[PDB]
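A.B. asks: Sequence plus experimental coordinates follow:
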Amino acid sequence: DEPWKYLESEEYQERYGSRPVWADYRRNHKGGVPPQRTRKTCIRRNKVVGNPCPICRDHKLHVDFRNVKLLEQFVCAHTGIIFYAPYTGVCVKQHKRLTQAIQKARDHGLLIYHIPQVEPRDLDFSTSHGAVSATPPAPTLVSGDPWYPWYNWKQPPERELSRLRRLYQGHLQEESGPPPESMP
Amino acid sequence: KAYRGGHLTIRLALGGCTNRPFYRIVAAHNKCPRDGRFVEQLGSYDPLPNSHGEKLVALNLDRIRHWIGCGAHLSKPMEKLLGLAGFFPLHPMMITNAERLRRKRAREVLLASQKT
Amino acid sequence: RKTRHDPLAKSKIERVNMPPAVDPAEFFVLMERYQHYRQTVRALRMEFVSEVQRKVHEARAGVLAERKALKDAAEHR
Amino acid sequence: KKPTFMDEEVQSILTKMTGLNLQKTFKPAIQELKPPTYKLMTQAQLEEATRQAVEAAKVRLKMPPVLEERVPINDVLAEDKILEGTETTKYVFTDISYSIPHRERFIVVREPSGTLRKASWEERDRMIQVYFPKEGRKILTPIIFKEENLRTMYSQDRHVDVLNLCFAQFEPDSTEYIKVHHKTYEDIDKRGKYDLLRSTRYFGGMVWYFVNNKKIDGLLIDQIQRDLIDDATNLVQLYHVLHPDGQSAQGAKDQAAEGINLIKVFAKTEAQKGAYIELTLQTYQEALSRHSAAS
Amino acid sequence: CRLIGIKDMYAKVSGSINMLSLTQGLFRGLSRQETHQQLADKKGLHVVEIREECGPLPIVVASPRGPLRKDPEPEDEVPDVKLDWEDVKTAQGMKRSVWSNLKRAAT
Amino acid sequence: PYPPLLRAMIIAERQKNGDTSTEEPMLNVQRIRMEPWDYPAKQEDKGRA
Amino acid sequence: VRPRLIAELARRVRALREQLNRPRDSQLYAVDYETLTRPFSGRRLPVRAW
Amino acid sequence: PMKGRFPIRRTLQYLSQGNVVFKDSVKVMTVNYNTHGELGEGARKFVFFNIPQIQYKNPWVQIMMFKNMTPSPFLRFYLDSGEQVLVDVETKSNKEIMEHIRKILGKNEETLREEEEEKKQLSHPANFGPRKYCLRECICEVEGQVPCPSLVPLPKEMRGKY
Amino acid sequence: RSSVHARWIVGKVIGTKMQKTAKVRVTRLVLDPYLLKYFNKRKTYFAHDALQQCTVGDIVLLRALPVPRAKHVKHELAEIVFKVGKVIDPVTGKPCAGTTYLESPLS
RNA sequence: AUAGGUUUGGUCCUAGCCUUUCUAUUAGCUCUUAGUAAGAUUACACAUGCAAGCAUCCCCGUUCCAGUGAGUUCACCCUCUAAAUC
Ligand SMILES: [Zn+2]
Ligand SMILES: [Zn+2]
């Protein structure tokens, strides 16, 4: 179950050698150009297809982020690009799993890849901006008056209230009421 | 086209999928389709929460100022969001709905107190 | 949507457009909040209009524009 | 006034500490490969090509600025109690613009308390990376900047690339950048692969951190083992400038020391393994006697 | 080229694809290659390589075994070389083909 | 007063362009009139159907 | 461009008919006072004016 | 092989490898050159090699070439203010003519970079439109944010299954 | 200013059979994009001349008009750049026939 | 195109047709779930239901959206400039 043992064991160098795993698979197709996709899976239900892919033909070959020699076998050596499924021979499912293993090993550190030297994001590196320093506080904020004092409820005189009632009587709704202050 | 009568409008344009709204702040004519010719896209507004959760929005404030100076008519969610920003005053409608919720929650607190 | 020559339906041949019931103080403070908000956004819009006009005027003819125009003419000659 | 990192004499001597190995600076990396071009010249044009390669190496080896940490900003612009309790999840506003600098743009947060707080440094960097993306930086913090990952990759001897990923992800004034850089410097002081950090743009920051927080014994050791003797004398000089109230410093200007004697004065005064510095110095002087007899 | 040992080239054939002329033309070209040492001995100057992978670092490959010529090469501006229209078509991007860059098997 | 983000904008840009000038940013309001919901318009700016 | 003479003629005579035979305010703003329905319009009046 | 003596003159990198970008004052460029005589060889090579590059980098300037009608080869430039620049090119080279016209009526490098900076001002990153114009189409792509429903299924907060 | 697209054009006179009008042939260079080669494309302009100074075969400079006069007359004569036969060399401002000096420049 | 098959008693050359690749519509046979994109062949005829109201009377809008591919160089740039928003 735990990988990194078969790859250093004896049966690997007996069946395969210094050659890669995929150096023996030839996909069967209508001749000339192969289809520009492999099968989606070799293992349908719990049965294997007639010509298994290099990953699917050996159940011992487990794939994860710690299986670094397989991962560097399935990624190129002179270029930092991953081998595609028509090039290698693995399924679409196995290609997705091998890719996820590649980037999981890449951000877990157990795989070699090139990182370019990056130029600094900005030119001026000062922190003397109003967005990255303090600001002179508002008069309301040094006090506690609400900003834009027309936000506060202020009851009109009942003369204006009765003028409103004279305008919009008949279909008049219920009465007034000041806001509470603190939510539950 | 020509659009006999009309004006520019800073508004939200839907660009998401089903059960996933996303809005783009654009400068479009009022008489054009919602997802159509905008003269320029001012920013972005995601109302959905992030994994951390912050409901994103970005505004190109100088070009917003430019199109307001050119005469763009703001739409009701748009002055809602600019008031929420602090580029515009807070909106009387939404502080009034805050007030309506004040009184509604006061009523349910009183009713629950009578229940208990 | 409909055009000017579409016949109206019967449920809109008769249908009353009943008015919302009006609350007094929310309505009055709502009018005051509306007039205050419209006044301050009118001020902000006037400021932005003046800013755009100033930008156009200084781009057309400021001091650096005349400076680069005279440099171009002198370099040409 | 104490000379900071960005001064002419310290920059020149730090350049000499770094050194220029062309075969390490311009090195074959595993990227996409294009067929190579071939050119046809004399010895003089070959020397001109090597000079241009040296100048390009200097451009590539221009030194990133070492800067102090930033104060965690907590500034409430406004607080709207009427807004408090209306919405649930916060709102981050960004002035994206195009010509404003990134440390000049304004980004604010509105919370369910009604507080219009200016955005923190981490939220600031995340929103700048979202709306103005730079290559290499991801807004989610990489899992490679965790203890076991950095340990494994230090064991795989990848410290230049630690500093590369850290430069790509974190701004130099950030606490995470500061912590990762000093943790890498502590690991390289524990084991020590200064040659693995030579001819790279982090050598000067490493030397600056060590002479500021004094652990330069291994630097003297590796310098006089690898015959970087003018380099070692200049490093003792940098120490004497940066700490002028040290007994190394008054002993040096009392004895008018100039070279290997400056190194000896330092090792007699404050070197924590000064017996081993003297032992390496006298073995080096035995080697000097050997090749002087050879000369 | 698996029999020879060559691993990385591109080859396009045209005209008549006859096997018995194809193989003989292949052998004629590969045996009438010029190497960098012979090139350097003919011109009298250094042979250098400039890779995009390494950078501006000049990598000397072949130096003359005799004297070094001291007059520089004549920089013939706008040279007279016969280009290929398929190469120029591919370089400028009007080579529209549904067959060229197809994902095939190994080698 | 100016809305708080714009207040931050303009006080920031003035202390970048030089003089501290810590007065509160005010703008003229009495220029704008206060015509309420009563004011009649013009019939030729209007028009009969 | 082949001219649109008949369209221009229709426009001109429509403008002339609108100018000459315009409906007047008497038959425009009349009110059937029991059902609040104006003639020639067919639309009644809003709830704030009954 | 491509037809012609020098096939490099039709390879779209020679054309966008010429250097003269004319100012907005000039409208007509006239090249009077001599087919014979050892002194007009620079003008002949300038007509042969550099006129396509000049026309490619200045698409709206009318370039007219004239044959053996005057005993000396010269360039004339007709400029919108009304100017008529004369540049004799007898006993010169094509590179000399290129440098001369780039100095006299060529736009400066700083002006070209400023124009290109205005184009990069037009190209903005933070906008979210289609891939033809912008860089990302939605924030369904940016990690952390809730993904697109097609790629990742949404939880049952969605409508219908409320 | 002018609503005419062509501000300054240099062309050749074809015919002078219209009163106070000259028919001028303007030849621009248009890139054939497949061959990537510049070929002359010709357009006929109608220029206004008040003095009947231009004969056929002349090389003329035409300026734009602020508003076109006729249906096609959108340009006016600016100068007779090269009169037929009697060609004054402008570099050495001397009369010449072609490739030779009718009057010697060392006069 | 990394090309392949096919003229002949046989070879070489020129040549056409076809194969190998990808996408779309329809037909046959056969089909488990979940999510998401997209969804008359016909500018042929349409039963029926709905799609334009608002609003203190005036106005405004129904001249927009939505649809279709019949026709077809009325779409782009410059000059001038009328509605329209400030
Ligand atoms: Zn498989
Ligand atoms: Zn999506």
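C.D. replies: Sure thing, it's come through. Numbers count the residues shown, from 1 in each chain, chains lettered A, B, ... in the order given. Ligands and ions are numbered 1, 2, ... in the order given.
A.B. asks: OK, now which residue of chain G is nearest to chain E?
C.D. replies: residue G:1 (38.0 Å; C-beta to the nearest C-beta). Bear in mind the C-beta positions are built from the backbone N, C-alpha and C, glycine included.
A.B. asks: for that residue, helix, strand, or coil?
C.D. replies: Put simply, residue G:1 is coil when judged by DSSP: H, G, I helix; E, B strand; the rest coil.
A.B. asks: and chain A, which residues reach chain E?
C.D. replies: By C-beta under 8 Å from any C-beta of the partner chain, the residues of chain A that approach chain E are A:22-23, A:26-27, A:33-34, A:36, A:84-89.
A.B. asks: now those residues as a markdown table including distance to chain F, neighbour count and secondary structure?
C.D. replies: Below are these laid out as a markdown table (distance: C-beta to the nearest C-beta, whole Å; neighbours: other C-beta atoms under 10 Å in any protein chain shown; DSSP: H, G, I helix; E, B strand; the rest coil):
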| residue | distance to chain F | neighbour count | secondary structure |
| --- | --- | --- | --- |
| A:22 | 59 | 19 | coil |
| A:23 | 64 | 15 | coil |
| A:26 | 66 | 10 | coil |
| A:27 | 62 | 14 | coil |
| A:33 | 60 | 12 | coil |
| A:34 | 60 | 18 | coil |
| A:36 | 53 | 11 | coil |
| A:84 | 50 | 15 | coil |
| A:85 | 52 | 22 | helix |
| A:86 | 55 | 20 | helix |
| A:87 | 55 | 16 | helix |
| A:88 | 55 | 24 | helix |
| A:89 | 59 | 27 | coil |
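A.B. asks: so which of those residues comes closest to chain D?
C.D. replies: Using C-beta to the nearest C-beta, these come closest to chain D at residue A:84, 14.3 Å.
A.B. asks: Look up how far residue H:33 lies from that closest one.
C.D. replies: Distance from residue A:84 to residue H:33, counting by C-beta to C-beta, to the nearest Å: 56 Å.
A.B. asks: Would you indicate which residues of stretch D:30-40 are buried?
C.D. replies: residue D:30 (16 or more other C-beta atoms under 10 Å in any protein chain shown).
A.B. asks: Would you map the helices across chain E?
C.D. replies: For chain E, the helices defined by DSSP state H occupy E:19-31, E:36-43, E:85-92.
A.B. asks: Give the phi and psi angles for residue 28, as a check.
C.D. replies: Since no chain was named, I'll use chain A. phi -90, psi 130 (degrees, to the nearest 10).
A.B. asks: wait, doesn't it sit right on residue A:52?
C.D. replies: No. With contact defined as C-beta atoms under 8 Å, residue A:28 does not count as touching residue A:52 (11.9 Å).
A.B. asks: May I have the phi/psi pair for the closest residue in space to residue D:99 that isn't next to it in sequence?
C.D. replies: If the residues on either side of it in the chain are set aside, residue D:99 comes closest to residue H:121, at 7.7 Å by C-beta to C-beta, 6 or more residues apart in numbering or on different chains. Per-residue torsions, residue H:121: phi -60, psi -40 (degrees, to the nearest 10).
A.B. asks: In CSV, list the C-alpha atoms belonging to stretch A:14-29.
C.D. replies: Extracted in CSV, the C-alpha atoms of stretch A:14-29 (Å, rounded to 0.1, in the frame of the first residue of the first chain):
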residue,chain,number,x,y,z
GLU,A,14,13.4,-7.5,-13.7
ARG,A,15,10.3,-6.6,-15.7
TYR,A,16,11.5,-3.2,-16.8
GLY,A,17,15.0,-1.8,-16.6
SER,A,18,16.6,1.7,-16.9
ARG,A,19,14.0,2.2,-19.6
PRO,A,20,10.7,3.9,-18.6
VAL,A,21,7.5,2.1,-17.9
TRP,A,22,5.7,3.4,-21.0
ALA,A,23,8.6,2.3,-23.3
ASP,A,24,6.7,-0.9,-24.2
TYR,A,25,3.1,0.1,-24.8
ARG,A,26,1.7,0.5,-28.3
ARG,A,27,-1.9,1.6,-28.5
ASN,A,28,-4.0,-0.2,-31.1
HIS,A,29,-5.9,2.1,-33.5
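A.B. asks: ok, that stretch near ligand 1 or not?
C.D. replies: No. Stretch A:14-29 lies out of reach of ligand 1 by C-beta under 5 Å from the ion, never closer than 9.7 Å.
A.B. asks: Give me the spatial nearest neighbour of the most centrally placed residue in chain C, chain neighbours excluded.
C.D. replies: By C-alpha atoms, centre = their mean, chain C has its centre lying nearest to residue C:45, at 7.1 Å. Once flanking residues are discounted, residue C:45 sits nearest to residue B:68: 5.6 Å by C-beta to C-beta, 6+ apart.
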